[PDB]
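One structure below.
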Amino acid sequence: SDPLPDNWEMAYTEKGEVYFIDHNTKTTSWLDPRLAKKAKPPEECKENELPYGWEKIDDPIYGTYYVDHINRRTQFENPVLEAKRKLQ
Amino acid sequence: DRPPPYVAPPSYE
């Protein structure tokens with residue numbers, strides 16, 4: 001399974017970072033559409049697991065935070081821990 | 001206070 005979906009391309013930033021180009025909707029995304037996984041409510045994930053689309057970033061200057069590439073959000077709290085906390 | 005903002009990929013060309 002190498003090919004991208006029809007009417008997609010992939011390209012690279014000057015920093016060598018891959019991203020994906022969707023000509024169907026005239027948008028770009030960091031997410032590889034070939035790698036999409038089933039959505040899961042955050043509270044239903046295991047302790048050391050993140051839902052699909054999330055990335056943990058450890059910034060030397062700004063510390064740890066979480067990035068949601070589906071909704072394009074960033075937050076300090078681990079989203080799985082947050083969901084469990086608010087529902088607990 | 002907030003974390004670094006979302007950094008988007010290059011815009012669609």
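Chain identifiers are assigned alphabetically (A, B, ...) following the order of the sequence lines, protein sequences preceding nucleic acid strands; residue numbering begins at 1 within each chain. Note: hydrogens, waters and symmetry copies are ignored here, and every other heavy atom, side chains too, is used.
Taking the side chain as every heavy atom from C-beta outward, B:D1 and A:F76 approach each other to under 4.5 Å.
In this structure a side-chain-to-backbone donor-acceptor pair under 3.5 Å is present from A:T28 to B:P10.
In the hydrophobic clustering of ILVMFWY residues, with side-chain heavy atoms under 4.5 Å counting as a link, B:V7 and A:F20 come out apart.
Residue A:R72 qualifies as enclosed at atom CZ: its count of foreign heavy atoms under 6.0 Å is above 12.
To the nearest 0.5 Å, the span separating CH2 on A:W30 from OH on B:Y6 amounts to 8.0 Å.
Between B:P4 and A:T74, the shortest heavy-atom contact is O-OG1, 2.8 Å.
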